[PDB]
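> You'll find model.txt just under this line, and it carries compact mmCIF, C-alpha atoms.
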# COMPACT_ATOMS: atom_id res chain seq x y z
CA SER A 3 9.09 124.53 -52.18
CA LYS A 4 11.98 122.18 -51.39
CA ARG A 5 14.50 121.31 -54.12
CA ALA A 6 16.54 118.10 -54.50
CA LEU A 7 19.65 117.58 -56.59
CA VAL A 8 20.34 114.00 -57.71
CA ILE A 9 23.71 113.23 -59.32
CA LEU A 10 23.59 110.39 -61.84
CA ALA A 11 26.84 108.85 -63.06
CA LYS A 12 26.94 105.75 -65.22
CA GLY A 13 27.19 102.56 -63.23
CA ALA A 14 24.66 104.13 -60.85
CA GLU A 15 22.07 101.72 -59.44
CA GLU A 16 18.78 102.25 -61.31
CA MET A 17 16.42 101.30 -58.50
CA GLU A 18 18.39 103.46 -56.06
CA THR A 19 18.17 106.49 -58.32
CA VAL A 20 14.57 106.17 -59.56
CA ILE A 21 12.89 105.27 -56.26
CA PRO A 22 14.06 108.43 -54.47
CA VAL A 23 13.45 110.69 -57.47
CA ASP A 24 9.96 109.24 -57.89
CA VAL A 25 9.19 109.38 -54.16
CA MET A 26 10.57 112.88 -53.59
CA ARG A 27 8.59 114.12 -56.59
CA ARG A 28 5.45 112.53 -55.11
CA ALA A 29 6.18 114.77 -52.12
CA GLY A 30 6.04 117.94 -54.17
CA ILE A 31 9.78 118.57 -54.01
CA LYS A 32 11.47 119.76 -57.24
CA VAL A 33 14.01 117.12 -58.19
CA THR A 34 16.78 117.76 -60.70
CA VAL A 35 18.44 114.68 -62.19
CA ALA A 36 21.87 115.93 -63.19
CA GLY A 37 24.04 113.67 -65.31
CA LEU A 38 27.54 113.65 -63.88
CA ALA A 39 29.01 113.49 -67.38
CA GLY A 40 26.57 115.85 -69.08
CA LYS A 41 23.09 115.91 -70.60
CA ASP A 42 23.53 112.62 -72.47
CA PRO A 43 21.53 109.55 -71.38
CA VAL A 44 23.17 107.54 -68.62
CA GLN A 45 23.62 103.78 -68.66
CA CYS A 46 23.14 102.41 -65.15
CA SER A 47 24.57 99.26 -63.54
CA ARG A 48 21.76 97.05 -64.89
CA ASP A 49 21.67 98.76 -68.29
CA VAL A 50 18.49 100.76 -67.88
CA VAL A 51 19.10 104.11 -69.57
CA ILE A 52 17.97 107.37 -67.94
CA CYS A 53 17.91 110.78 -69.63
CA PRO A 54 19.09 113.46 -67.18
CA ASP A 55 16.99 116.57 -66.63
CA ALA A 56 20.27 118.42 -67.02
CA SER A 57 24.03 118.12 -66.63
CA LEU A 58 25.70 118.68 -63.28
CA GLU A 59 27.46 121.54 -65.09
CA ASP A 60 24.17 123.44 -65.50
CA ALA A 61 22.39 122.10 -62.40
CA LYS A 62 25.29 123.24 -60.21
CA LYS A 63 24.54 126.80 -61.29
CA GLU A 64 20.92 126.52 -60.18
CA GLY A 65 21.68 127.84 -56.73
CA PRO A 66 21.51 125.54 -53.64
CA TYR A 67 19.38 122.47 -52.99
CA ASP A 68 17.71 121.52 -49.74
CA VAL A 69 19.12 118.05 -50.37
CA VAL A 70 21.79 116.54 -52.60
CA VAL A 71 21.40 112.76 -52.96
CA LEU A 72 24.08 110.27 -54.04
CA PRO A 73 22.83 106.99 -55.59
CA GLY A 74 24.61 103.68 -55.13
CA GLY A 75 26.15 101.25 -57.54
CA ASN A 76 29.82 100.38 -57.20
CA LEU A 77 30.97 102.00 -60.43
CA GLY A 78 28.54 104.87 -60.11
CA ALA A 79 29.90 105.65 -56.65
CA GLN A 80 33.44 105.41 -57.98
CA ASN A 81 32.65 107.94 -60.70
CA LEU A 82 31.23 110.34 -58.08
CA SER A 83 34.18 109.80 -55.72
CA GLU A 84 36.51 110.86 -58.55
CA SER A 85 34.52 113.94 -59.59
CA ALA A 86 35.77 117.41 -58.68
CA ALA A 87 32.32 118.88 -59.35
CA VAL A 88 30.79 116.53 -56.79
CA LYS A 89 33.57 117.42 -54.34
CA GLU A 90 32.74 121.13 -54.55
CA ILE A 91 29.01 120.51 -54.26
CA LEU A 92 29.27 118.17 -51.28
CA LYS A 93 31.60 120.63 -49.56
CA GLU A 94 29.31 123.57 -50.31
CA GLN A 95 26.32 121.62 -49.08
CA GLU A 96 28.18 120.81 -45.86
CA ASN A 97 29.25 124.39 -45.23
CA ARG A 98 25.83 125.74 -46.23
CA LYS A 99 24.53 123.25 -43.65
CA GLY A 100 22.31 121.40 -46.11
CA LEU A 101 21.25 117.76 -46.22
CA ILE A 102 23.36 115.11 -47.96
CA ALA A 103 21.94 111.65 -48.58
CA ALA A 104 23.73 108.60 -49.93
CA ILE A 105 22.56 104.99 -50.28
CA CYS A 106 24.35 101.67 -50.84
CA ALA A 107 27.89 102.29 -52.14
CA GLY A 108 27.08 105.97 -52.52
CA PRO A 109 28.28 107.06 -49.06
CA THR A 110 31.83 105.99 -49.95
CA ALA A 111 31.74 109.25 -51.93
CA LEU A 112 31.45 111.30 -48.73
CA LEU A 113 34.59 109.49 -47.66
CA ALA A 114 36.55 110.34 -50.81
CA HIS A 115 35.48 113.97 -50.50
CA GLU A 116 35.99 114.04 -46.75
CA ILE A 117 32.36 114.84 -46.07
CA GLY A 118 30.98 114.65 -42.55
CA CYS A 119 33.86 112.75 -40.91
CA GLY A 120 32.74 111.58 -37.46
CA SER A 121 29.13 110.91 -38.40
CA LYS A 122 27.43 107.62 -37.68
CA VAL A 123 26.56 106.08 -41.05
CA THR A 124 25.54 102.91 -42.83
CA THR A 125 26.29 101.43 -46.26
CA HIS A 126 25.67 98.28 -48.22
CA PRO A 127 27.26 95.44 -46.21
CA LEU A 128 29.78 94.90 -49.03
CA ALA A 129 30.79 98.58 -49.03
CA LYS A 130 31.43 98.81 -45.29
CA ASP A 131 35.19 98.12 -45.46
CA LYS A 132 35.75 100.79 -48.11
CA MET A 133 33.65 103.33 -46.22
CA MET A 134 35.35 102.51 -42.91
CA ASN A 135 38.92 102.65 -44.16
CA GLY A 136 40.74 104.94 -41.76
CA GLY A 137 37.96 104.85 -39.19
CA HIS A 138 36.70 108.33 -40.11
CA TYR A 139 33.10 107.24 -39.50
CA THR A 140 31.21 105.11 -37.00
CA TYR A 141 29.37 102.28 -38.77
CA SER A 142 25.69 101.38 -38.28
CA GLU A 143 23.50 98.53 -39.49
CA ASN A 144 20.08 100.19 -39.40
CA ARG A 145 18.32 100.29 -42.76
CA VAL A 146 18.43 104.09 -42.52
CA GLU A 147 20.93 106.08 -40.53
CA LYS A 148 20.67 109.81 -39.98
CA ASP A 149 23.29 111.75 -38.05
CA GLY A 150 22.35 115.39 -38.48
CA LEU A 151 22.82 116.45 -42.11
CA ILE A 152 24.25 113.05 -43.12
CA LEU A 153 21.55 110.58 -44.14
CA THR A 154 22.63 107.13 -45.30
CA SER A 155 20.90 103.89 -46.25
CA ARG A 156 22.09 100.40 -47.15
CA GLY A 157 20.66 99.30 -50.50
CA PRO A 158 17.98 98.75 -53.16
CA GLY A 159 15.50 97.32 -50.66
CA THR A 160 16.02 100.26 -48.30
CA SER A 161 15.47 102.86 -51.00
CA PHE A 162 11.85 103.41 -50.05
CA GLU A 163 12.79 103.95 -46.39
CA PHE A 164 15.75 106.03 -47.58
CA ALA A 165 13.60 108.24 -49.80
CA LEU A 166 10.82 108.61 -47.23
CA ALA A 167 13.39 109.59 -44.60
CA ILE A 168 14.55 112.42 -46.90
CA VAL A 169 10.92 113.52 -47.32
CA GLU A 170 10.33 113.54 -43.58
CA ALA A 171 13.59 115.46 -43.09
CA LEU A 172 12.56 118.00 -45.71
CA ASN A 173 8.77 118.20 -45.36
CA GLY A 174 7.91 116.45 -42.09
CA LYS A 175 6.17 113.37 -40.72
CA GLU A 176 2.74 114.27 -42.12
CA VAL A 177 3.78 114.56 -45.76
CA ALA A 178 5.98 111.47 -45.61
CA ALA A 179 3.04 109.46 -44.25
CA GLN A 180 0.66 110.72 -46.92
CA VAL A 181 3.10 109.91 -49.69
CA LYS A 182 3.84 106.54 -48.11
CA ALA A 183 0.29 105.15 -47.92
CA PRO A 184 -0.40 104.90 -51.69
CA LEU A 185 2.94 103.13 -52.16
CA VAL A 186 1.60 99.87 -50.70
CA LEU A 187 4.69 99.18 -48.58
How does the structure come out when it is put into structure tokens?

Amino acid sequence: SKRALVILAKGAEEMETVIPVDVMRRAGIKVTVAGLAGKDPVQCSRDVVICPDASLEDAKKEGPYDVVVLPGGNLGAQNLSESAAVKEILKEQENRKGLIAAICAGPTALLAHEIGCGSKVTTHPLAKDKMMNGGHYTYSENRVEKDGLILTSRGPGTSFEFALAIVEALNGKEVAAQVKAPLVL
């Protein structure tokens, strides 16, 4: 049974964190919502407050994940980009050859941690310049971009496609389709 690690830092975009967690869980994949700052509730960009399942501190110890997903939100992505814990996890996930997914401003975290340089990726239009600084990536405008183990999406309204892509990547076309239907997309 596939496992997903979702890192939630304050400033994180609510819709971008909940949609993938919800979706992935609908797909029978064990999702762990780890609060970047601990086990305390996290205040997201639009003030909705989420209680983490656990702190990154603990979650990190729970062996590897088939997918580690980075939510968007300017500030949230900044918090991640400045976190040493996230740096070690992303790097482990890239050596271990696992999947890394980031939506909206979230991929600018792969940049800060030098993850997957050379991959084709996408971001929120307004996060393109930051993500492209230094030309270490090749930009794309598709709603969902997947270059090997690097899966990126653009924003809130691409979350469903983002999340379903992860599902397909982890459990295949059949499961993603079954999960998708009831969603009324």
> Go through A:49, A:18, A:131, A:149 one by one, measure the shortest atom-to-atom distance of each to residue A:118 using all atoms listed in the file, and give the residue with the smallest value.
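Of all the options, A:149 lies closest to residue A:118.
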> Do you know which residues are at most 10 Å from stretch 159-172 of chain A counting all atoms listed in the file, after dropping those on the same chain fewer than 5 positions away, and could you put them as a ChimeraX atom specification?
/A:3-6,17-31,68-69,71,73,101-106,126,144-148,150-151,153-154,177-179,181-182,185,187
> So what do you get for atom CA of residue A:116 versus atom CA of residue A:46, distance-wise?
25.3 Å
> Measuring between all atoms listed in the file, which one of A:135, A:180, A:125, A:80 shows the shortest distance to residue A:157?
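Using all atoms listed in the file, residue A:157 sits closest to A:125.
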> Put the listed atoms of stretch 39-46 of chain A in a box along x, y and z with 3 Å added on every side and give me the centre and edge lengths in Å to one decimal, as JSON.

{"center_x": 25.3, "center_y": 109.2, "center_z": -68.8, "size_x": 13.5, "size_y": 19.5, "size_z": 13.3}
> Which residues are close to residue A:36, i.e. within 7 Å by all atoms listed in the file, leaving aside same-chain residues fewer than 4 positions away? Reply as number ranges by chain.
A: 8-10, 54-58, 61
> Generate the coordinates of N, CA and C atoms for stretch 59-76 of chain A; report them as a compact mmCIF listing (two decimals), in the frame of the given file.

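Dumped to result01.txt:
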# COMPACT_ATOMS: atom_id res chain seq x y z
N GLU A 59 26.93 120.24 -64.66
CA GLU A 59 27.46 121.54 -65.09
C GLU A 59 26.41 122.64 -64.94
N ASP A 60 25.25 122.46 -65.58
CA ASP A 60 24.17 123.44 -65.50
C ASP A 60 23.50 123.44 -64.13
N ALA A 61 23.07 122.26 -63.69
CA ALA A 61 22.39 122.10 -62.40
C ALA A 61 23.12 122.80 -61.26
N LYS A 62 24.44 122.63 -61.23
CA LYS A 62 25.29 123.24 -60.21
C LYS A 62 25.02 124.73 -60.10
N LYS A 63 24.81 125.37 -61.24
CA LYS A 63 24.54 126.80 -61.29
C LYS A 63 23.19 127.17 -60.71
N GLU A 64 22.25 126.24 -60.72
CA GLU A 64 20.92 126.52 -60.18
C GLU A 64 20.90 126.62 -58.68
N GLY A 65 21.63 127.61 -58.16
CA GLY A 65 21.68 127.84 -56.73
C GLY A 65 21.75 126.56 -55.93
N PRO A 66 21.50 126.64 -54.61
CA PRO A 66 21.51 125.54 -53.64
C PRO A 66 20.27 124.66 -53.65
N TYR A 67 20.45 123.46 -53.09
CA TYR A 67 19.38 122.47 -52.99
C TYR A 67 19.21 122.12 -51.52
N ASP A 68 17.97 121.86 -51.12
CA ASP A 68 17.71 121.52 -49.74
C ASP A 68 18.29 120.13 -49.46
N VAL A 69 18.53 119.37 -50.52
CA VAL A 69 19.12 118.05 -50.37
C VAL A 69 19.82 117.59 -51.64
N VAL A 70 21.04 117.08 -51.47
CA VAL A 70 21.79 116.54 -52.60
C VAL A 70 21.91 115.05 -52.29
N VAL A 71 21.37 114.21 -53.17
CA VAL A 71 21.40 112.76 -52.96
C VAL A 71 22.29 111.96 -53.92
N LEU A 72 23.13 111.11 -53.32
CA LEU A 72 24.08 110.27 -54.04
C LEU A 72 23.62 108.81 -54.15
N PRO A 73 23.28 108.37 -55.36
CA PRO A 73 22.83 106.99 -55.59
C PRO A 73 23.97 105.99 -55.40
N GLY A 74 23.61 104.72 -55.31
CA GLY A 74 24.61 103.68 -55.13
C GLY A 74 25.11 103.10 -56.44
N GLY A 75 25.61 101.88 -56.36
CA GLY A 75 26.15 101.25 -57.54
C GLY A 75 27.64 101.46 -57.46
N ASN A 76 28.37 100.36 -57.31
CA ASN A 76 29.82 100.38 -57.20
C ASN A 76 30.53 101.35 -58.13
